[PDB]
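Chains as they are written, first to last, in the entry's author numbering: chain Bu, 71 to 181; chain Bv, 175 to 228; chain Bt, 17 to 91; chain BC, 118 to 148; chain Bf, 0 to 118; chain Br, 8 to 97; chain Bo, 1 to 167; chain Ba, 97 to 257.
We treat Cβ as the ideally placed atom computed from N, Cα and C, and that holds for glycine.
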RNA sequence: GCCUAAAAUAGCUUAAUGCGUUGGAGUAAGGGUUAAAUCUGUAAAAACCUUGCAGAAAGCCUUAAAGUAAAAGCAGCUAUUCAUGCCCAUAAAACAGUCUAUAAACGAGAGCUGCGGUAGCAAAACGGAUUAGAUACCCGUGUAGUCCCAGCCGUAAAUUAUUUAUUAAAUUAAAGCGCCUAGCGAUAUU
Ligand SMILES: [K+]
Ligand SMILES: [K+]
Ligand SMILES: [K+]
Ligand SMILES: [Mg+2]
């Protein structure tokens, strides 16, 4: 039952595809820890909900547990990202665009 | 019992929409004149809201 | 109607684009169909032969791709 | 049915068709 | 049912356009229906020119009308378009009857009762 | 990377009148793309094809690129600029 | 502007609906007398009545459109099915069989005479006899043969010979 | 597509054997790996050459496939993808929206719903309802904008005011 | 409520092609073969820009058919009539089966009668070649036919035998039928 949440987890946090995992081990990596917590809390929230006269389909298609765990696991994933390769910042990208704009203007001025 | 309530809900909504419906020629002439005096943009530029029913 | 602009007098470059348009946009296929008429039962057999040739080519290069991936062959 | 069986029947059908056409425009049919 | 008419007319004056629209409207009213939407888009340039035996029209005036009427109205409207010579091309398409399905209405009813039940 | 519309958008805007919207599913030469390229469900593939065919009948689309109508791109941009200015002023 | 309730009623009513929908609505209302309860739509009394009403409405339909062979074949299939349902009811539940015949104005010709029988069942000494069964049993006799024709020309005669309430 | 830890078993002249820990041993070219892919070393003895991986070390590899015609897992060296570069920029933009920072963008052309503004490879939408017609006229020059709303990372939709 | 390569009915769109077609401009070929010729032109063709008229067919989507339309078969657009298929919500206390001796209906292409139409293609036919001969294959013209409406004809190498249980299939055991008994040989008779 807990293999369905991984698709969303990898989509929102692609950096979890870089952390190496030991297949033949009993220790759970960060990705597996999130899945187990989602399974546990999903049932808990559903049970701990006031009952109403009728059942609504909109509630059946909601998942507040995923949002809660994402907030909790946000700081931990940040450390994993730092362990990966660095990338150019926003300021550097804008500078590169400005230089290319100036080059285009110079070519127009020449011609 | 719920289906009957749903039918009444649909009836209530249609009454509000009926305020802008035309069934007399006097209103038809006014609507035509107003439409011609205020043209709209076509689908070549801006997406149009496609009607889904009443 | 495909329009290919000639830049710096490179006519050969323009000719290459025209051939690409014909293949991508299915002009060669229309000419082949209208060269002569075939019955629907004979057209079915003709399509099978063309697909069979395409599949054989795909299989052959599938074998080559695996060798390159594993042995890192520079072909 | 095999191709050989089809060919054996083919010759006899041709002969019958040829004879019928010949008698199509005759007063006394040849039989 | 609910029908929508899209008409391409010659780029003539407003009076001519109004007359063509009025003919369709009266036909619907006479049969026992009603009109919901009337809109015009002005003169538009087409993808390719419409050709008549000795005339070429690279542009046309476009307007639309939505109405509800019995199933026999389609033939009547088609006849009017053919007779009128200021109309170049037309099409009539049927639309869904209701905006909301029965399931959606039930969900709204259930939600309202739950709020009342909680209250 | 190229823009892709959501299936909810397609079902809400798949009409023969929205020529601009329908253009995303046509090849540069003006032909209909196959389903393996559009990434659409079978019901949505049928609707898009029918909308394009109906638009062609109404002269809102051309079956192929036309050399005598190459100025329309200029016309559409000019019309778009005026409409944006008018609405902004209003 | 004021709201027009009279327009809403027309739209929600059967006025602006296809012909088939209007006909089906009348069929359900016509079975309000023989249904078991307010929501019965599947009892044998209701099913047979609905099939009979459909046949009556279809007679004028195929007199104008004589080339819609697909619709006729569907009608022919339902025609034979209704006969077998009535045959079962008569053998097992006569009182229900009697009500259906009386309500729809049919005739008691739904027995199973068998191989050695020459007439219909429930024939009293005073009642008259016919040759309807002899034609069906000894159908190979040349006296009962006809000429090849179209489906409608052959089906229309059989449909009217079973319902006596159609002109 | 997932990275796994594999242990070096044999190092021959032509090929090197790796143990993914799942099923039959995998094969990799002798000089494909480098010392930068090692996470655990058998010994602390310093290595001299970049292409110096000794048996017993643990290396990070990318699982290209699970089933292969050879009968063993396919393992390849990890690579990079620009998607991370865009993701890092997107995270920065999200932080700016939370902190009510002013973003710099360059207008490129006019759009159906508004004007297209590019922000380090991301093209945003600027509805005409929130334009003074002076910023719209300025095309190709950086201008200050306030981010109002944004979609999920996959959608890549930004609305500027 | 929606959907449909289902059937019947009625309106609408044109890419290309043809010509005892309009006007402008221009001058020797166009067409075809293994190689040639018949044929079409120089008394103004083909090619190029324009005008008019006409019939048939439906590029991309498009893929099996995964619709299975009962089979024969089925995708240019829109609408009507009608029959299906999908979701959501209901219904039946007694009724509904398999198979077919016999009987009936539907039924490609070709063909026949009448009415309308005839661009492209093309039996027959008439010429030019090939060849020992070519009565065929190849090239140039080209009538029925192919098309519409109303009738006739009922024939195909016109799909895998039908049903129950098991089964991915299969296999195993049963229910009701049709057909075969070496080949060869009829325009027999009725
Ligand atoms: K036939
Ligand atoms: K055959
Ligand atoms: K035998
Ligand atoms: Mg018949």
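| Item | Value |
| --- | --- |
| Under 8 Å by beta carbon: chain Bu residues contacting residue 216 of chain Ba | 160, 163, 164 and 167 |
| Interface flag, residue 49 of chain Bf vs chain Br, CB-CB below 8 Å | yes |
| Residue 205 of chain Ba (DSSP reduced to helix, strand or coil) | strand |
| Touching by the beta-carbon criterion (3+ pairs, under 8 Å), the segment 75-82 of chain Bf and the segment 42-52 of chain Br | no |
| Helix, strand or coil at residue 23 of chain Br according to DSSP, with G and I counted as helix | coil |
| Assigned exposure category for residue 224 of chain Ba - 16 Cβ within 10 Å defines buried | buried |
| Chain Bf contacts made by the segment 29-49 of chain Br, where a contact means CB separation under 7 Å | none |
| Cβ of residue 81 of chain Bf within 8 Å of any chain Br Cβ | no |
| Three-state secondary structure (DSSP) of residue 87 of chain Br | helix |
| Neighbouring residues, chain Br, relative to residue 17 of chain Bt (Cβ below 8 Å) | 71, 72, 73 and 74 |
| DSSP beta-bridge partners of residue 212 of chain Ba | Ba:205 and Ba:221 |
| Under 9 Å (Cβ pairs) to chain Br, residues found in the segment 22-48 of chain Bt | 37, 40, 41 and 42 |
| Residue 7 of chain Bo at chain Bf interface by Cβ criterion, 8 Å | yes |
| Local Cβ density within 10 Å of residue 49 of chain Bo, reported as buried at 16 or more and exposed below that | buried |
| Separation of residue 15 of chain Br from residue 135 of chain Ba, as counted between CA atoms | 46 Å |
| Minimum Cβ-Cβ distance from residue 219 of chain Bv to chain Bf less than 8 Å | no |
| Host beta strand (DSSP E) of residue 41 of chain Bf (start-end) | 33-51 |
| Residue environment, residue 166 of chain Ba, which counts as buried when at least 16 other CB atoms sit within 10 Å | exposed |
| CB contact flag (residue 17 of chain Bf, residue 196 of chain Bv, <8 Å) | no |
| Local Cβ density within 10 Å of residue 35 of chain Bf, reported as buried at 16 or more and exposed below that | buried |
| Contact under 8 Å by Cβ, residue 98 of chain Bu with residue 112 of chain Bu | no |
| Per-residue burial, residue 128 of chain BC [other beta carbons within 10 Å of its own, 16 or more giving buried] | exposed |
| CB contact below 8 Å: residue 33 of chain Bf versus chain Bo | yes |
| Inside the segment 31-59 of chain Bt only - alpha helix (DSSP H) runs reaching at least 4 residues | 43-50 |
| Beta carbon proximity, residue 67 of chain Bf to chain Bo, threshold 8 Å | yes |
| Straight-line Cα distance separating residue 93 of chain Bf from residue 75 of chain Bf | 15 Å |
| Beta carbon of residue 58 of chain Bo nearer than 8 Å to that of residue 75 of chain Bo | yes |
| Within 9 Å of chain Bf by C-beta, residues of the segment 11-22 of chain Bo in sequence order | 11, 15, 16, 17, 18 and 19 |
| Rounded straight-line distance, which links the Cα of residue 75 of chain Bt to that of residue 65 of chain Bt | 15 Å |
| Spatial distance of residue 96 of chain Br from residue 204 of chain Ba (CA atoms) | 22 Å |
| Buried or exposed (CB count within 10 angstroms, at least 16 for buried), residue 23 of chain Br | buried |
| Residue(s) in a DSSP beta bridge with residue 246 of chain Ba | Ba:254 |
| Extent of the continuous beta strand (DSSP E) to which residue 10 of chain Br belongs | Neither: residue 10 of chain Br is in no beta strand (DSSP E) and is coded neither H nor E. |
| Beta-carbon proximity check, residue 255 of chain Ba vs residue 220 of chain Ba, cutoff 8 Å | yes |
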